[PDB]
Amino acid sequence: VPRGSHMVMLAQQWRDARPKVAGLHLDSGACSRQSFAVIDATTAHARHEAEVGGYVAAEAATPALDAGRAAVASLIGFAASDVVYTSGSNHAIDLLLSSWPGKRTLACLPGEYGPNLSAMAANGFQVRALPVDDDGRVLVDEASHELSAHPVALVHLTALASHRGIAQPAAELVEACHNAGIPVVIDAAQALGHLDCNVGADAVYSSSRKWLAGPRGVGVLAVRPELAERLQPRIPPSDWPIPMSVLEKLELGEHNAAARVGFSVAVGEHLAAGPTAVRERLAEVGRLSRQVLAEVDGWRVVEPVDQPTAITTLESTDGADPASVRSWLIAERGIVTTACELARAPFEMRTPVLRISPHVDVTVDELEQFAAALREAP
């Protein structure tokens, strides 16, 4: 017996702070939609660069930039001074792993994001898999045993995977890993702004452009000071003249400053709307999605029906190619989606999937238009 949507003003306020969608956007897990305020804040900084000078404009923006660090810090339980800006989540993990001291061994999910594995390998890490259930959810007790008996230099948990909408039990794993005396890094690229990311991790990173609906080309890396000062940044070399802290070294480099102030506005908007309220809505968006897609011929829903996420993935039962379906949906029906290849999670995925990832604004009629379009798809 299905249930109605809990009506909340939040959904509409969100939709109306953003430009009108052309068709139908179900792809906030890939790239969400900047508010007018975010777009204006970015444009404004670029204009200011042109008036007063680019570096003086950047200096004058330290208030807003610091605000953004702090808002991020509050969402993860770190201090604002532990937080640093990056180009994105891949930049973030590379900065971290390339800086890591001593024995480079880690454990992670089998469903680990492929480009993360790529970076792990490129930085000379030995990578072991953590024990999981049939869905890819970590088994926390078994993981505890495994890590006590067989130690590793760090654990890398993707709290929410790009290819499947399973909420990982982050907090429970973090205390298990700490009991074994092992630090935890968290890939919160999908999770930040979506799951409770206040779980006592040692490092966390994420991306601007996804659930926080900020500009592309920005991410964040946060590292606790105990860990931060053990790190040995690749650039500059460790025997270099100009003395600066580890986090100052990691944040070093040319970047789009405007996009960073854009981001700060965007986290601001998340906090303003209420983290907890937004997350409960996204969880409900997921419920409704899986109810509506429960019965489509040629597609089965992969996630349990009451996982607290907005990510819902569909596997074809008659050998249809999601990349093609995605293309059709865009060109013909203006419906934006993501096709996840095996390369996204090579040691878990056996077959590609179609991923919907709608934000708070989605309606039940919109989920029906998708299901309709999904039926009459070549």
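In case it trips you up, residue 1 is the first one in the sequence shown, and so on.
In this entry, the higher average B-factor at the C-alpha atoms falls on 224 to 232, of the pair 224 to 232 and 83 to 91. Look at the C-alpha B-factors of 46 to 54 and of 314 to 322. On average they run higher in 314 to 322. Ranking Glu251, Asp135, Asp202, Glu254 by Cα temperature factor from the entry places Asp135 first.
Annotation for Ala121, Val265, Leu160, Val292: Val292 ranks highest, by Cα B-factor.
In this PDB entry, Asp196 carries a Cα temperature factor that places it within the middle third of its chain's modelled residues. In the PDB entry, a CA B factor belonging to the highest third of its chain's modelled residues is recorded for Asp239. Sort the chain's modelled residues by C-alpha temperature factor and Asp187 lands in the lowest third, per the entry. Residue-level temperature factors show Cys177 in the middle third of its chain, judged at the C-alpha atom. Remark: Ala331 belongs to the highest third of its chain, ranked by C-alpha B-factor as recorded.
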